[PDB]
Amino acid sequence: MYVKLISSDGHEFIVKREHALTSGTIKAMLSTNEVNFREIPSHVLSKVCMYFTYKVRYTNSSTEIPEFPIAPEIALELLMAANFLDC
């Protein structure tokens, strides 16, 4: 039910397995219950996990969807990780 995503700097993020299987790349690195991301630091990986909760919450709900915030200071590293994970 939960899996552990580990950032390049050793922070451990524990998210629901369904939220993590939203990434095809993560599904493959599990297909074990831990994934080590040698290239993604914790200020990026935390945003990735916030995005999982946001997507699962707001896909197919037609209320009003708020904007997903991205601070400029992290935008480029986040893009690099999103590109690699096909998030």
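One rule holds for the numbers: they count along the sequence shown, beginning at 1.
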property: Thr32 left out of the model in a third or more of other PDB entries; result: yes
property: Missing residues, deposited sequence, between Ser31 and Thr32 (class: none, 1 to 3, 4 to 9, 10 or more); result: 4 to 9
property: 69-77 set against 16-24, stretch whose average Cα temperature factor tops the other in the entry; result: 16-24
property: Average Cα temperature factor in the PDB entry - higher stretch of 60-68, 5-13; result: 60-68
property: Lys47, C-alpha B-factor rank within chain (lowest, middle or highest third); result: lowest
property: Chain-wide C-alpha B factor ranking for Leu85, given as lowest, middle or highest third; result: middle
